[PDB]
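Asks: Supplied in structure tokens, the structure appears directly below.
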Amino acid sequence: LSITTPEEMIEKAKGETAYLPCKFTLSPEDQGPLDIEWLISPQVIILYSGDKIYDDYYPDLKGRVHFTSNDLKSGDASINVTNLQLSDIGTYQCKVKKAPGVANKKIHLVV
Amino acid sequence: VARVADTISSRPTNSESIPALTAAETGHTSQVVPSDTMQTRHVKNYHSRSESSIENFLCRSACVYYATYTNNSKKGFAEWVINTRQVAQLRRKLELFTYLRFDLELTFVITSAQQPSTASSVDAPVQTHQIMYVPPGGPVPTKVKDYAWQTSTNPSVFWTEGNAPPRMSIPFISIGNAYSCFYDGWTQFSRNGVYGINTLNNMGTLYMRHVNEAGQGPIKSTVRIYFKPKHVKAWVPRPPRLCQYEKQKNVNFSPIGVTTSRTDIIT
Amino acid sequence: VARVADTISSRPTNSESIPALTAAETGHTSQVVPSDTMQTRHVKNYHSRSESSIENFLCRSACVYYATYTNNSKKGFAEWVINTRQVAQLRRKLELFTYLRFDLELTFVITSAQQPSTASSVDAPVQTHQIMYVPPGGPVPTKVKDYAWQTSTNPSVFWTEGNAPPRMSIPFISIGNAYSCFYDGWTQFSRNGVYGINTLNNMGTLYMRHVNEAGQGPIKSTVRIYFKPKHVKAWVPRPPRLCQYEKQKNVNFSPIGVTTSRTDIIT
Amino acid sequence: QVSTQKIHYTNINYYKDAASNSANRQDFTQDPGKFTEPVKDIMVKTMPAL
Amino acid sequence: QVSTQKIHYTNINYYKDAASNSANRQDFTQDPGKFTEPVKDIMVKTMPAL
Amino acid sequence: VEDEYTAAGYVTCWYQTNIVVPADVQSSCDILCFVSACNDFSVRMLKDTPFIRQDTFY
Amino acid sequence: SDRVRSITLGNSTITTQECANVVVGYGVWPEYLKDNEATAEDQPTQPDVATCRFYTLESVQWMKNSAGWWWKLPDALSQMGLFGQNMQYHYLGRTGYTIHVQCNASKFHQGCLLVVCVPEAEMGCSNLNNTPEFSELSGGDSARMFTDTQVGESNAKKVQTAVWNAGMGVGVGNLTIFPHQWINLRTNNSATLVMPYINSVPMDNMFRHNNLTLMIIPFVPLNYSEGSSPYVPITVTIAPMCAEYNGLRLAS
Amino acid sequence: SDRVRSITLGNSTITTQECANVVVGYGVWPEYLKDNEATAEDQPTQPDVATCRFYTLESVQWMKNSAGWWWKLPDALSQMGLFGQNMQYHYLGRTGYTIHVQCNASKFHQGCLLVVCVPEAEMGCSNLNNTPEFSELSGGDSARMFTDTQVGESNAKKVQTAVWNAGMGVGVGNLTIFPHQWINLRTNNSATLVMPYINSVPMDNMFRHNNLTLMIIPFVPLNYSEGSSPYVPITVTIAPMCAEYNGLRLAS
Amino acid sequence: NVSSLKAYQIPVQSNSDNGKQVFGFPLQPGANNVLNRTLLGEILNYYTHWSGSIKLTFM
């Protein structure tokens, strides 16, 4: 596993849609089941375990986040954050874990 | 024999053949010998350059990685992708060249350690470890009590304590004609994603686990892995790495001066 | 050497000898080489098909079955009929052919595990295991403290812990001229009873037990058995098993699609 | 006894059986002419099949 | 098989591969003429370089 | 395994000219496609298959 | 004499009255692919006059406070006519270059250059977590430059262009182990290298792998008295040799 | 048998189960330029695998009330990959084509075609004072078509596309003196011609001189009963042979 | 069309427009979800490195 940019700075205006991308490729030595997480540090906000989504975890963000692509097993872990507000400043961790590899992405969102 | 050349006598000359002055612009290093700028005596030289060859410089074992796994726990087992980028005392010896080609000789030094048990009269028999090697693409186990371990045709080795450390030999397993310790250029035709990543040197994983069960008290073990490049041939030498390594994937660094400094140019 | 054939050069022709069009009805697979439909360069080919032969594909050990037996209990001992139908990582490699013929090399990896004893200051010496092999028809033991164990002329092996795993070799023991991994047809002339059952591949049982006594605390052990088909010759190849196995006797299954699916025929 | 490897190497048989010798690993021979072209009349490549 | 050491010494190959033999340790050959003087025209020592 | 550094291209199949038919003949035809190896195929580095699983003995 | 050379290729010619000898790679001269080593299953194409000639890259100014320059080699000729055109329609391809850099000055200036061609030059990012992006790693026949100050840390995808580390984390002095020549404005006027094909596979794609790098590092900085010309430009002209390609496809 | 052929060039192949013999120009097979006849002062380039292959032009529909089609030959391949790319950077160049047209039908249709390749086809305008412009004289691998009605006079720069005069003012029947083959849906399925280099100078520019023209004129019109397929397409695939160029320059 | 015999039939009908695509699939004879369960696939799925050319007979 490998994320294209392990950390960067993103800037968006309040009331816009926030794009927090998370791309990856798969080395040959990876053959296990897929797992994708998303964290926030002002706590999971959306999971992808067993090819099914579990995403009712953060009460402050209900429906305000959902994956973009329809090929999540191809290297797309991006989330579509809509209707940005002021209580949404915090570092995000796109933690993907495919046996036996692991890779993260530290998205520090500022508004 | 690889003997060095002796030195021949000389006499004080006065001629128009100057060996000292040359032109360093041509990228051609000098070739003078002390017998050309002073008077020398004919000294037979018996020194030998044998202990500086490639196979005397590389064929020495060096720890690469070591992991721990407890007995009394679920999925207590160690995995590891096979790469030499992680330890720095060996990484630097392999960066002196660009394209290496060698076959390998692993060696595992497995040890145990009794954990803080709680029951009374703890006593365990000898232990047995398994070190399973999965080629790139095979099925990987998920827990210790799994059926990918036994019912498999991958190369694995069974070892029990109190004996000599196990050892297997691995031939030259690659797609090209040499391992590349450097690769400038992306891995997607669109020139996106990770930068210095190559499929040429992948070698698979290594799964290890206990074979006994949980008798009365946990036992954390530890395995150390040792390489030994044999039959090696090196190509396109390279200057030695100066700045301290920071990551295992790329060659990132922080800038640091060329040498430690002195008080004045004449001291 | 088993080298593959190189490719010969070609020139742009215009003739009536069409190598491309053929008739697949005749059950005769094509035989064209890229040098017959395009311009190719004379490439010497050094690739070798050695690591795809039969003895490089089968002669690798694979766990078959493993049983446990406690020390401190009556009739604590493990029995097992010898058959390869039980583990699936090896069963599928033997179904690719119909009539195999090989001699065997067993190997047992015996481990122990201390049970939750209750007395104080438990300490046991090294253990010794016995692995008795009963041909089909011999007398079988009923309990551990029995006189069919010692007073016997069957092949058995005695092994104690902390040493190398035992290993014996078994020649080709069968009534016909090859093991049959498939047998369509009943076993009673009246065509009743079980369907795919054959006496041709029976090999007997395997009885294992402790040799020590119950000192102070029970000890549950575990034995794993490993095959290794050598000198193998295969006949009448067969397509590979697709549907998941369900039983060890017959070939029952549940229907499942041919392949995993994609979104559209052109993607 | 002494033969070549993938230089030379030496092998000695100890036990007095046949199922005790090590694996062969060196029976390199193939003949697909009984699976690819199992037809009665020979089929030439260039000329059409009919 | 039998060769000299740094008297003589005897070596026998057992396994039937090539990546199982011991290290060579005795390939003593060098040729710096491709790193020191990688120029097109030969450079003589005595005469000046220009 | 599915990698990106060693992709092997794509296979397509296009209409050169339309499929014409006389009257009273179906216009929906089908095509089968086979696959095989040439006489310079080879493999290496034997492993086990990712297709067949097992949880207990049979 | 022994100071003049006259190199010709295809339909172009390079002539220099004052120059040093020519350094030829690691001792081998670039040639085509023998058939013991070939791996492609088809026949390659060889233009051999349409590509083997001297293309001239853009110019660079040698200011007094200069740091350095680098070009990624089989990427700088991406837009130079038939070479760049055959580099797109095919999939594989090997070459061997004849690099020539030329910077002339009077007898009243002073300075020196190090013309080195480091093979498989992997560069490091400014941030220890990321890696340099493509736009700031190379340019189409344009010269990216080093610096004399350590690049800050708050930059996301940039190159660490501290010259005393050559960007590769290696000491800048030890670079002479690669084939190189010194442009010395005292006696030298032009440096020329002949670099064969150096790679661990017989052929490779050319849009994903820049298997060379031509660096220029001014050791003794340019200096002059008042009155002399304040503008001294450098120009490098690269010429492929013994090129061949394989595997036709669409444009990309 | 005697009905099947298998033509191969470069890395492409054409196979036809039912077809007639192949007509080879005026009796000569296309080859390179001998040195008794050469006039360029420099050395030419020969890709020889990158250009010599079968490019496939666009398709055309054979309606019942069809008239004809024509393609200007060394102009239709102007956009087909390496051929069109080498046709731009150079200044001269000679070729020899292997034209192949293919139109298949069932045993219940009827019709016939005349596949002729008229060399130096000069066409006449609709207005007696003007001359046809470039846009309406040819198209990039696209088929301009004839008509069955005389084009009016008030048109300024158009082509007279009355088919019974072949546009050249010549009787349409006498066209068989040029190399040709008949596509006859009774017994024939594909027509193929091998046209050498026909011109009064050894080499010529290729953007100003269309020295061939492939015409297709349906003599016996297509006809069928109700039920059979109403759409019968025609497709021509042209392949250069023995190409070489001279005189490099910039793009144009 | 997977849980039936229709998975092997390639639809070809009398089109109206010219130049349509019939099928298309990437060629990874051990990883693709088309050449996976063919007789070549279950031989390749035991090894890791392969080579050589591949034929594709149509009928």
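Chain labels run A, B, ... following the order of the structure tokens; each chain numbers its residues from 1, and ligands are numbered from 1 in the order shown.
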So which residues touch region 15-22 of chain F within 12 Å, counting only C-alpha atoms, skipping near sequence neighbours fewer than 4 positions away, as a PyMOL selection string?

Replies: (chain F and resi 26-30) or (chain H and resi 14+56-62+101-110+189+224-237) or (chain I and resi 11-23)

Asks: As a list in words, could you give me every residue of chain I near chain G (at most 12 Å apart, counting only C-alpha atoms)?

Replies: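 Interface list for chain I against chain G: residues 51, 52, 53 and 54 of chain I.
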
Asks: May I have the selected residues written with N, CA, C and O atoms, as a PDB file, in the first residue's frame?

Replies:
```pdb
ATOM      1  N   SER I  51       5.571 -16.067 -18.899  1.00  0.00           N
ATOM      2  CA  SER I  51       6.201 -15.492 -20.077  1.00  0.00           C
ATOM      3  C   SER I  51       5.515 -16.059 -21.306  1.00  0.00           C
ATOM      4  O   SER I  51       4.520 -16.777 -21.207  1.00  0.00           O
ATOM      5  N   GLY I  52       6.055 -15.736 -22.473  1.00  0.00           N
ATOM      6  CA  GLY I  52       5.554 -16.297 -23.709  1.00  0.00           C
ATOM      7  C   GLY I  52       4.348 -15.569 -24.257  1.00  0.00           C
ATOM      8  O   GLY I  52       3.815 -14.625 -23.672  1.00  0.00           O
ATOM      9  N   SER I  53       3.908 -16.029 -25.419  1.00  0.00           N
ATOM     10  CA  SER I  53       2.795 -15.431 -26.134  1.00  0.00           C
ATOM     11  C   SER I  53       1.536 -16.264 -25.944  1.00  0.00           C
ATOM     12  O   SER I  53       1.581 -17.409 -25.497  1.00  0.00           O
ATOM     13  N   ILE I  54       0.401 -15.670 -26.298  1.00  0.00           N
ATOM     14  CA  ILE I  54      -0.907 -16.283 -26.109  1.00  0.00           C
ATOM     15  C   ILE I  54      -1.678 -16.197 -27.415  1.00  0.00           C
ATOM     16  O   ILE I  54      -1.670 -15.154 -28.077  1.00  0.00           O
TER      17      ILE I  54
END
```

Asks: As a PyMOL selection string, please: every residue in region 111-231 of chain C that DSSP puts in strand (DSSP E).

Replies: chain C and resi 111-114+128-134+156-160+169-170+179-180+205-210+219-227+230-231

Asks: Write the selection just made, keeping N, CA and C atoms, as an mmCIF file, in the first residue's frame?

Replies:
```cif
data_model
loop_
_atom_site.group_PDB
_atom_site.id
_atom_site.type_symbol
_atom_site.label_atom_id
_atom_site.label_comp_id
_atom_site.auth_asym_id
_atom_site.auth_seq_id
_atom_site.Cartn_x
_atom_site.Cartn_y
_atom_site.Cartn_z
ATOM 1 N N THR C 111 3.827 -31.893 18.957
ATOM 2 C CA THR C 111 4.013 -30.869 19.968
ATOM 3 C C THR C 111 3.225 -31.235 21.215
ATOM 4 N N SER C 112 3.533 -30.550 22.312
ATOM 5 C CA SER C 112 2.882 -30.795 23.589
ATOM 6 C C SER C 112 2.306 -29.496 24.125
ATOM 7 N N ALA C 113 1.484 -29.626 25.158
ATOM 8 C CA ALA C 113 0.896 -28.475 25.818
ATOM 9 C C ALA C 113 0.473 -28.880 27.218
ATOM 10 N N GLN C 114 1.012 -28.183 28.210
ATOM 11 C CA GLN C 114 0.684 -28.459 29.597
ATOM 12 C C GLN C 114 -0.744 -28.021 29.885
ATOM 13 N N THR C 128 7.875 -39.165 25.397
ATOM 14 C CA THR C 128 8.159 -40.076 24.299
ATOM 15 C C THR C 128 6.840 -40.504 23.686
ATOM 16 N N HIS C 129 6.726 -40.381 22.370
ATOM 17 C CA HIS C 129 5.507 -40.737 21.668
ATOM 18 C C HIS C 129 5.754 -41.949 20.785
ATOM 19 N N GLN C 130 4.686 -42.691 20.513
ATOM 20 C CA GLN C 130 4.734 -43.835 19.615
ATOM 21 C C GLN C 130 3.677 -43.642 18.544
ATOM 22 N N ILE C 131 4.034 -43.921 17.297
ATOM 23 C CA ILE C 131 3.139 -43.736 16.162
ATOM 24 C C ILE C 131 3.057 -45.070 15.437
ATOM 25 N N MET C 132 2.026 -45.844 15.743
ATOM 26 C CA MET C 132 1.892 -47.208 15.255
ATOM 27 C C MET C 132 1.077 -47.214 13.973
ATOM 28 N N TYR C 133 1.522 -47.992 12.992
ATOM 29 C CA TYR C 133 0.869 -48.073 11.691
ATOM 30 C C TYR C 133 0.315 -49.477 11.521
ATOM 31 N N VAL C 134 -0.993 -49.578 11.350
ATOM 32 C CA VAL C 134 -1.682 -50.859 11.216
ATOM 33 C C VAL C 134 -2.082 -51.043 9.758
ATOM 34 N N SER C 156 6.381 -49.255 13.443
ATOM 35 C CA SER C 156 6.131 -48.114 14.307
ATOM 36 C C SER C 156 7.430 -47.365 14.557
ATOM 37 N N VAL C 157 7.296 -46.142 15.058
ATOM 38 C CA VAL C 157 8.427 -45.249 15.268
ATOM 39 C C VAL C 157 8.307 -44.626 16.647
ATOM 40 N N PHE C 158 9.417 -44.590 17.375
ATOM 41 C CA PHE C 158 9.470 -44.013 18.709
ATOM 42 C C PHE C 158 10.238 -42.705 18.656
ATOM 43 N N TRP C 159 9.663 -41.657 19.229
ATOM 44 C CA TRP C 159 10.237 -40.330 19.115
ATOM 45 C C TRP C 159 10.071 -39.592 20.428
ATOM 46 N N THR C 160 11.081 -38.812 20.787
ATOM 47 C CA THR C 160 11.058 -38.012 21.999
ATOM 48 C C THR C 160 11.294 -36.551 21.648
ATOM 49 N N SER C 169 9.588 -43.610 5.016
ATOM 50 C CA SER C 169 9.227 -43.671 3.609
ATOM 51 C C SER C 169 8.371 -44.899 3.350
ATOM 52 N N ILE C 170 7.338 -44.733 2.535
ATOM 53 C CA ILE C 170 6.389 -45.795 2.237
ATOM 54 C C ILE C 170 6.366 -46.005 0.729
ATOM 55 N N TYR C 179 -3.067 -45.303 -8.163
ATOM 56 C CA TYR C 179 -4.136 -44.793 -7.321
ATOM 57 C C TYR C 179 -5.178 -44.129 -8.199
ATOM 58 N N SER C 180 -6.442 -44.307 -7.858
ATOM 59 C CA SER C 180 -7.530 -43.698 -8.605
ATOM 60 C C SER C 180 -8.116 -42.579 -7.757
ATOM 61 N N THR C 205 -4.440 -47.608 8.958
ATOM 62 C CA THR C 205 -4.745 -46.623 9.983
ATOM 63 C C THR C 205 -3.439 -46.085 10.562
ATOM 64 N N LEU C 206 -3.546 -45.257 11.597
ATOM 65 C CA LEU C 206 -2.390 -44.749 12.327
ATOM 66 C C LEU C 206 -2.799 -44.519 13.770
ATOM 67 N N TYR C 207 -2.221 -45.288 14.683
ATOM 68 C CA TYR C 207 -2.522 -45.183 16.102
ATOM 69 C C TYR C 207 -1.334 -44.548 16.807
ATOM 70 N N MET C 208 -1.604 -43.541 17.632
ATOM 71 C CA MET C 208 -0.574 -42.802 18.344
ATOM 72 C C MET C 208 -0.958 -42.686 19.809
ATOM 73 N N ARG C 209 0.042 -42.638 20.682
ATOM 74 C CA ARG C 209 -0.223 -42.595 22.111
ATOM 75 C C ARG C 209 1.034 -42.152 22.837
ATOM 76 N N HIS C 210 0.861 -41.808 24.107
ATOM 77 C CA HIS C 210 1.994 -41.514 24.963
ATOM 78 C C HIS C 210 2.657 -42.809 25.417
ATOM 79 N N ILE C 219 -1.190 -33.773 30.145
ATOM 80 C CA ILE C 219 -0.465 -33.161 29.039
ATOM 81 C C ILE C 219 -1.201 -33.532 27.760
ATOM 82 N N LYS C 220 -1.822 -32.550 27.116
ATOM 83 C CA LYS C 220 -2.413 -32.770 25.806
ATOM 84 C C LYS C 220 -1.371 -32.504 24.732
ATOM 85 N N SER C 221 -1.245 -33.426 23.792
ATOM 86 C CA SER C 221 -0.284 -33.307 22.709
ATOM 87 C C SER C 221 -1.015 -33.029 21.403
ATOM 88 N N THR C 222 -0.256 -33.034 20.312
ATOM 89 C CA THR C 222 -0.800 -32.749 18.991
ATOM 90 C C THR C 222 0.202 -33.227 17.957
ATOM 91 N N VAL C 223 -0.279 -33.921 16.933
ATOM 92 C CA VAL C 223 0.577 -34.484 15.898
ATOM 93 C C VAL C 223 0.062 -34.015 14.547
ATOM 94 N N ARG C 224 0.962 -33.535 13.698
ATOM 95 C CA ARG C 224 0.614 -33.132 12.345
ATOM 96 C C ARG C 224 1.356 -34.000 11.338
ATOM 97 N N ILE C 225 0.647 -34.423 10.296
ATOM 98 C CA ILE C 225 1.163 -35.395 9.342
ATOM 99 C C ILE C 225 1.349 -34.716 7.997
ATOM 100 N N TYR C 226 2.470 -35.000 7.340
ATOM 101 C CA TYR C 226 2.844 -34.325 6.104
ATOM 102 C C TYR C 226 3.183 -35.358 5.042
ATOM 103 N N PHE C 227 2.566 -35.234 3.871
ATOM 104 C CA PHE C 227 2.855 -36.117 2.754
ATOM 105 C C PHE C 227 3.995 -35.554 1.913
ATOM 106 N N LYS C 230 6.695 -38.663 -4.179
ATOM 107 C CA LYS C 230 7.911 -38.733 -4.977
ATOM 108 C C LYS C 230 7.749 -39.736 -6.111
ATOM 109 N N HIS C 231 8.675 -39.667 -7.070
ATOM 110 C CA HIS C 231 8.712 -40.587 -8.209
ATOM 111 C C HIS C 231 7.388 -40.598 -8.966
#
```

Asks: Using backbone DSSP assignments, extract all helix (DSSP H, G or I) residues from region 170-218 of chain H; output them as a list in words.

Replies: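 Helix (DSSP H, G or I) assignments inside region 170-218 of chain H correspond to residues 172, 173, 174, 175, 176 and 177 of chain H.
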
Asks: Store the residues picked out above in a file with N, CA, C and O atoms, as an mmCIF file, in the first residue's frame.

Replies:
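The new file out-v5.cif reads:
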```
data_model
loop_
_atom_site.group_PDB
_atom_site.id
_atom_site.type_symbol
_atom_site.label_atom_id
_atom_site.label_comp_id
_atom_site.auth_asym_id
_atom_site.auth_seq_id
_atom_site.Cartn_x
_atom_site.Cartn_y
_atom_site.Cartn_z
ATOM 1 N N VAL H 172 -17.086 7.246 -68.615
ATOM 2 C CA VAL H 172 -16.901 6.413 -67.435
ATOM 3 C C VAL H 172 -16.612 4.967 -67.789
ATOM 4 O O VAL H 172 -16.063 4.233 -66.962
ATOM 5 N N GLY H 173 -16.958 4.529 -68.997
ATOM 6 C CA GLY H 173 -16.716 3.148 -69.356
ATOM 7 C C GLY H 173 -15.266 2.827 -69.628
ATOM 8 O O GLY H 173 -14.820 1.721 -69.320
ATOM 9 N N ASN H 174 -14.517 3.776 -70.176
ATOM 10 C CA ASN H 174 -13.152 3.538 -70.608
ATOM 11 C C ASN H 174 -12.158 3.532 -69.458
ATOM 12 O O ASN H 174 -10.952 3.475 -69.702
ATOM 13 N N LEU H 175 -12.630 3.585 -68.218
ATOM 14 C CA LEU H 175 -11.741 3.638 -67.068
ATOM 15 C C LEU H 175 -10.999 2.335 -66.819
ATOM 16 O O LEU H 175 -10.087 2.315 -65.991
ATOM 17 N N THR H 176 -11.355 1.255 -67.505
ATOM 18 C CA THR H 176 -10.741 -0.034 -67.223
ATOM 19 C C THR H 176 -9.325 -0.147 -67.757
ATOM 20 O O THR H 176 -8.682 -1.173 -67.530
ATOM 21 N N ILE H 177 -8.823 0.866 -68.462
ATOM 22 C CA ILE H 177 -7.457 0.786 -68.963
ATOM 23 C C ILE H 177 -6.464 0.941 -67.822
ATOM 24 O O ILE H 177 -5.317 0.494 -67.918
#
```

Asks: I'd like the neighbourhood of residue 30 (chain E) as a PDB file with C-alpha atoms, in the first residue's frame, where a residue qualifies if any of its atoms comes within 12 Å (using only C-alpha atoms), though same-chain residues fewer than 3 positions away should be ignored.

Replies:
```pdb
ATOM      1  CA  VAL B   1      46.753 -13.944  -6.502  1.00  0.00           C
ATOM      2  CA  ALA B   2      45.711 -10.306  -7.035  1.00  0.00           C
ATOM      3  CA  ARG B   3      49.078  -8.866  -6.055  1.00  0.00           C
ATOM      4  CA  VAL B   4      49.785  -5.144  -6.212  1.00  0.00           C
ATOM      5  CA  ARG B  49      43.927  -6.926  -2.519  1.00  0.00           C
ATOM      6  CA  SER B  50      41.955 -10.084  -1.776  1.00  0.00           C
ATOM      7  CA  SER B  52      38.740  -5.879  -0.533  1.00  0.00           C
ATOM      8  CA  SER B  53      36.883  -7.755  -3.289  1.00  0.00           C
ATOM      9  CA  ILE B  54      33.113  -7.690  -3.644  1.00  0.00           C
TER      10      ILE B  54
ATOM     11  CA  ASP E  27      37.362 -14.209  -7.896  1.00  0.00           C
ATOM     12  CA  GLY E  33      40.773   0.921 -17.038  1.00  0.00           C
ATOM     13  CA  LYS E  34      37.076   1.737 -17.351  1.00  0.00           C
ATOM     14  CA  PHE E  35      36.849   4.109 -14.383  1.00  0.00           C
TER      15      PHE E  35
END
```

Asks: Find the residues near residue 49 (chain F): any atom within 10 Å, counting only C-alpha atoms, skip ones fewer than 6 places away on the same chain, and give them as a ChimeraX atom specification.

Replies: /B:137-139,152-153 /C:89,92-93 /I:42-47

Asks: Identify every residue of chain B that has at least one atom within 10 Å of any atom of chain G, counting only C-alpha atoms, and report the result as a ChimeraX atom specification.

Replies: /B:23-28,98-100,175-196,200,235-247,249-259

Asks: Taking only C-alpha atoms into account, what are the residues of chain A at most 9 Å from chain F, put as a short mmCIF file (atom, residue, chain, number, x, y, z; two decimals) with N, CA, C and O atoms, in the first residue's frame?

Replies:
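Output below, filename selection-v3.cif:
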```
data_model
loop_
_atom_site.label_atom_id
_atom_site.label_comp_id
_atom_site.auth_asym_id
_atom_site.auth_seq_id
_atom_site.Cartn_x
_atom_site.Cartn_y
_atom_site.Cartn_z
N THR A 25 -2.36 2.81 -4.47
CA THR A 25 -2.12 1.70 -5.37
C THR A 25 -1.84 0.45 -4.54
O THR A 25 -1.67 0.51 -3.32
N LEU A 26 -1.77 -0.70 -5.21
CA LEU A 26 -1.63 -1.98 -4.53
C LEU A 26 -0.38 -2.69 -5.04
O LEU A 26 -0.31 -3.06 -6.22
N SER A 27 0.59 -2.88 -4.16
CA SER A 27 1.77 -3.67 -4.49
C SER A 27 1.37 -5.13 -4.68
O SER A 27 0.32 -5.57 -4.22
N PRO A 28 2.20 -5.92 -5.38
CA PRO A 28 1.86 -7.33 -5.60
C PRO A 28 1.74 -8.15 -4.33
O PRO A 28 0.96 -9.11 -4.31
N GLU A 29 2.47 -7.80 -3.27
CA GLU A 29 2.50 -8.59 -2.05
C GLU A 29 1.28 -8.36 -1.16
O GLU A 29 1.30 -8.75 0.01
N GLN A 31 -2.65 -9.24 -0.72
CA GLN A 31 -3.71 -10.14 -1.15
C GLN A 31 -4.79 -10.37 -0.11
O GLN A 31 -5.61 -11.28 -0.29
#
```

Asks: For residue 15 (chain G), please output as number ranges by chain all residues within 12 Å (counting only C-alpha atoms; exclusion window: fewer than 2 positions along the same chain).

Replies: G: 3-9, 12-13, 17-19, 100, 102, 189-190, 192

Asks: Write the residues of the selection above to a file with N, CA, C and O atoms, as a tab-separated table (two decimals), in the first residue's frame.

Replies:
```
chain	number	residue	atom	x	y	z
G	3	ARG	N	43.69	19.99	-30.27
G	3	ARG	CA	42.69	20.75	-29.55
G	3	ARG	C	41.34	20.81	-30.24
G	3	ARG	O	40.34	21.13	-29.60
G	4	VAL	N	41.28	20.50	-31.53
G	4	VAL	CA	40.06	20.66	-32.31
G	4	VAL	C	39.39	19.30	-32.48
G	4	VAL	O	40.05	18.26	-32.56
G	5	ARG	N	38.06	19.32	-32.53
G	5	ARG	CA	37.26	18.14	-32.82
G	5	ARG	C	36.18	18.52	-33.81
G	5	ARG	O	35.88	19.70	-34.01
G	6	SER	N	35.58	17.50	-34.43
G	6	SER	CA	34.52	17.74	-35.41
G	6	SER	C	33.58	16.53	-35.37
G	6	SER	O	33.84	15.51	-35.99
G	7	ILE	N	32.49	16.68	-34.63
G	7	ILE	CA	31.51	15.62	-34.45
G	7	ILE	C	30.35	15.85	-35.40
G	7	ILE	O	29.85	16.97	-35.52
G	8	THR	N	29.93	14.79	-36.09
G	8	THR	CA	28.81	14.87	-37.02
G	8	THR	C	27.86	13.71	-36.78
G	8	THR	O	28.27	12.59	-36.48
G	9	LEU	N	26.57	13.98	-36.94
G	9	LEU	CA	25.54	12.96	-36.80
G	9	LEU	C	24.38	13.34	-37.69
G	9	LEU	O	24.06	14.53	-37.81
G	12	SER	N	23.50	17.08	-38.96
G	12	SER	CA	23.97	18.20	-38.16
G	12	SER	C	25.44	17.99	-37.83
G	12	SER	O	25.96	16.88	-37.92
G	13	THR	N	26.10	19.07	-37.44
G	13	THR	CA	27.54	19.02	-37.20
G	13	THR	C	27.88	19.93	-36.04
G	13	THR	O	27.28	21.00	-35.91
G	17	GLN	N	36.91	24.65	-31.78
G	17	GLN	CA	38.33	24.87	-31.99
G	17	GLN	C	39.13	24.58	-30.73
G	17	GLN	O	40.24	24.04	-30.80
G	18	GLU	N	38.59	24.92	-29.57
G	18	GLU	CA	39.28	24.74	-28.30
G	18	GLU	C	38.44	23.84	-27.41
G	18	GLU	O	37.33	24.22	-27.02
G	19	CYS	N	38.95	22.66	-27.10
G	19	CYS	CA	38.24	21.74	-26.22
G	19	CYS	C	39.19	20.65	-25.77
G	19	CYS	O	40.29	20.49	-26.31
G	100	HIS	N	26.62	17.20	-25.12
G	100	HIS	CA	27.63	18.22	-25.39
G	100	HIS	C	27.15	19.53	-24.80
G	100	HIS	O	26.09	20.03	-25.18
G	102	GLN	N	28.35	23.58	-23.84
G	102	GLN	CA	29.30	24.55	-24.37
G	102	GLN	C	29.04	25.92	-23.77
G	102	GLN	O	27.93	26.45	-23.85
G	189	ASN	N	36.68	24.86	-23.12
G	189	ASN	CA	35.62	25.65	-23.72
G	189	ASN	C	34.35	24.82	-23.87
G	189	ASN	O	33.24	25.36	-23.90
G	190	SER	N	34.49	23.50	-23.94
G	190	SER	CA	33.37	22.62	-24.23
G	190	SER	C	33.64	21.23	-23.67
G	190	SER	O	34.77	20.73	-23.76
G	192	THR	N	32.14	17.14	-23.53
G	192	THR	CA	31.33	16.23	-24.32
G	192	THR	C	31.45	14.81	-23.78
G	192	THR	O	32.57	14.32	-23.57
```

Asks: Show which residues sit within 10 Å of residue 24 (chain D), as a list in words. Count only C-alpha atoms, and ignore same-chain residues fewer than 5 positions away.

Replies: residues 55, 56, 59, 230, 231 and 232 of chain C; 16 of chain E

Asks: So that each row is one residue of chain I with an atom at most 6 Å from chain C, can you give its shortest atom pair and the distance in Å to one decimal, using only C-alpha atoms, rows by chain and rising number, as JSON lines?

Replies:
```
{"residue": "I:2", "atom": "CA", "partner": "C:257", "partner_atom": "CA", "distance": 5.6}
{"residue": "I:3", "atom": "CA", "partner": "C:257", "partner_atom": "CA", "distance": 4.4}
{"residue": "I:23", "atom": "CA", "partner": "C:266", "partner_atom": "CA", "distance": 4.6}
{"residue": "I:24", "atom": "CA", "partner": "C:266", "partner_atom": "CA", "distance": 4.5}
```
